[PDB]
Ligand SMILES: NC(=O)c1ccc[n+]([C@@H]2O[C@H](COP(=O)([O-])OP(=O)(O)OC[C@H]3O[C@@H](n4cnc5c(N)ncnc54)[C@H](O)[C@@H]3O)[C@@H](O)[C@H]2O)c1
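As a starting point, one isolated chain is supplied in structure tokens, in the form deposited without nicotinamide-adenine-dinucleotide (NAD).
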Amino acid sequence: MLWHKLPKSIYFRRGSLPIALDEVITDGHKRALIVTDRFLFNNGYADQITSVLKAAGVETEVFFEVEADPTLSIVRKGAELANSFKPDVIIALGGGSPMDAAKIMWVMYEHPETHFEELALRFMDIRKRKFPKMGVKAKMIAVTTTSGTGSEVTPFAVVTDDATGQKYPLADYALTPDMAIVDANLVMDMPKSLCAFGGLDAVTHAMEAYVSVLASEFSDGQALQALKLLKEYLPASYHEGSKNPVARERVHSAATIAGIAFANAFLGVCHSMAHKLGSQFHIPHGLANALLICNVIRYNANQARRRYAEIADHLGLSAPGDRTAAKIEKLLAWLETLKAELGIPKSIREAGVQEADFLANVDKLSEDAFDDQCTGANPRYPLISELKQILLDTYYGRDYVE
């Protein structure tokens, strides 16, 4: 049996934020905790939420100390703030890090009796087994400011234990936000690199969700629609920025639609390896995926290859009388051209990772990627040896070949 599980409400288009918040007000919420990071707090993004809520007599508090990774110490501090402030709605504001952090703060607030590493142990991934009851003390709203991680519609969160550096993925549909707000007025200032990295992150989400062993007829159409929107609007969004708000808005929705797909179909080894590259070498998550995705397609295309050919057909990249190999070659050629015009380097070496450093860690990276939660959904069951070959090829800029 399969499922399609999403927030009850996803509000989108420019200007949806104040209208969605009016529903929060009319639903009777009186105490709102905003969870965000320092850049977004400092640059007025939290004010866009708190001004509307305060005008209606809602009490507000802002926790702005989440950084680039959700850490256990920061999550505990935010949960302690919730315990004292007692919100009846938590509003995550930002990219993947604040939204993921807010999900775990929410659990700890709803269930102060539970120890995190308890939860970390039992709810590592989606399977049948129960998650503690959520949404009694507070509802969860996610407001995304990049285009994007899709975390505003997913059951996933990761937090790093400061003391050990160990990452703990959590996954349960009780962590899916109650409402997602996708308002492109919040992304018109994104710099080019963040536009590129978030957009290729979204491409990767939809690509991995489409060929995942858990792909379904309920996820497939959203995955393909996300890819079509990104093909058609991501270059203009990157090049033109705020001068083309429609392109910015289309990509903002596309990243959420990719989230809808992978929230239910999950991902694959491109994310498994991207996680390890990013954390070891401090490469942005979207850049790591951009560097790996074409070799992962080459790897999975040896059924995934039929599915990749369908994506090429959907994106208008195929010609009359192409058979599968030629269609996949055209899908890869489109991705390499997209990466190039978005300023993505051609190798991890050209991303700034330098040779002795990479060879010292490549075996640990391969082993850890194998153990990553996203590996189980990949259409090809990997050998550690093979993940190492992909990583090396991607380091030196070679196409993966068997």
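Throughout, we count residues from 1 along the sequence that is shown.
**OP:** Note how many residues of the deposited chain are left out of the model between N302 and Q303; the options are none, 1 to 3, 4 to 9, and 10 or more.
**Re:** Per the deposited record, the segment joining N302 and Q303 lacks coordinates for 10 or more residues.
Original post:
Hey, how big is the hole between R129 and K130 in terms of deposited residues without coordinates: none, 1 to 3, 4 to 9, or 10 or more?
Top reply: Per the record, 1 to 3 deposited residues are absent between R129 and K130.
Subject >> Mean temperature factor over C-alpha atoms, higher-scoring stretch between 365-373 and 56-64 >> reply: Result of the comparison: 365-373.
**OP:** Look up the CA B-factors in the entry and say which stretch, 16-24 or 390-398, has the higher mean.
**Re:** Here the higher of the two C-alpha B-factor means belongs to 390-398.
Original post:
Looking at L119, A226, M273, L332, which has the highest Cα B-factor in the entry?
Top reply: Of the options given, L119 has the highest CA B-factor in the PDB entry.
Subject >> Residue with maximal Cα B-factor (values as given in the PDB entry) among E350, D47, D37, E336 >> reply: Answer, based on the entry's C-alpha B-factors: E350.
**OP:** Compare the C-alpha B factor of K133 with those of the other modelled residues in its chain, then answer lowest, middle or highest third.
**Re:** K133: CA B-factor falls in the highest third of its chain.
**OP:** Could you say whether, by C-alpha temperature factor, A163 belongs to the lowest, middle or highest third of its chain?
**Re:** Highest third of the chain for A163's C-alpha B-factor.
Original post:
Which third of the chain holds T324 when residues are ordered by C-alpha B factor: lowest, middle or highest?
Top reply: Highest third, going by the recorded CA B-factors of the chain.
Original post:
By the record's CA B-factor, is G95 among the lowest, middle or highest third of residues in the chain?
Top reply: It belongs to the middle third of the chain when residues are ordered by C-alpha B-factor.
**OP:** Comparing against every modelled residue in the chain, figure out the third that the C-alpha B-factor of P87 lands in (lowest, middle or highest).
**Re:** Its C-alpha B-factor, which the entry lists for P87, ranks in the middle third among residues of this chain.
Separately, the form deposited with nicotinamide-adenine-dinucleotide (NAD) bound exists; it is not shown, and the next lines address it.
**OP:** Label the site open or blocked after overlaying nicotinamide-adenine-dinucleotide (NAD) from its pose in the bound PDB entry onto the shown form by the C-alphas around the site (blocked when 3+ ligand atoms sit within 2.4 Å of backbone or C-beta).
**Re:** Placed partner leaves the pocket open.
Subject >> Contact residue in the bound PDB entry, chosen from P87, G95, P177, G78 - any heavy atom within 4.5 Å of nicotinamide-adenine-dinucleotide (NAD) >> reply: After the contact test, the surviving option is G95.
**OP:** Heavy atom within 4.5 Å of nicotinamide-adenine-dinucleotide (NAD) in the bound PDB entry: which of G321, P191, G165, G135 fits that? Just give me the one.
**Re:** Partner contact (heavy atom, 4.5 Å) among the options: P191.
Subject >> Contact test in the bound PDB entry: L186 vs nicotinamide-adenine-dinucleotide (NAD), heavy atoms, 4.5 Å >> reply: Yes - in the bound PDB entry, heavy atoms of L186 and nicotinamide-adenine-dinucleotide (NAD) come within 4.5 Å of each other.
**OP:** Indicate whether nicotinamide-adenine-dinucleotide (NAD) has at least one heavy atom within 4.5 Å of a heavy atom of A157 in the bound PDB entry.
**Re:** Yes.
Original post:
Can any non-hydrogen atom of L40 be found within 4.5 angstroms of nicotinamide-adenine-dinucleotide (NAD) in the bound PDB entry?
Top reply: Yes, contact at 4.5 Å.
Subject >> 4.5 Å heavy atom contact, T256 to nicotinamide-adenine-dinucleotide (NAD) in the bound PDB entry >> reply: Close contact is absent here: in the bound PDB entry, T256 is far from nicotinamide-adenine-dinucleotide (NAD), nothing within 4.5 Å, heavy atoms only.
Subject >> Segment that reaches nicotinamide-adenine-dinucleotide (NAD) in the bound PDB entry - one of 40-48, 22-30, 362-370, 341-349, heavy atoms within 4.5 Å >> reply: Comparing against nicotinamide-adenine-dinucleotide (NAD) in the bound PDB entry, the contact stretch is 40-48.
**OP:** Verify the flagged residues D69, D100 and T145 against nicotinamide-adenine-dinucleotide (NAD) in the bound PDB entry: is each one within 4.5 Å by a non-hydrogen atom?
**Re:** All three within 4.5 Å in the bound PDB entry.
**OP:** Pull the contact list for 221-250: residues with a heavy atom within 4.5 Å of nicotinamide-adenine-dinucleotide (NAD) in the bound PDB entry, in sequence order.
**Re:** None of them.
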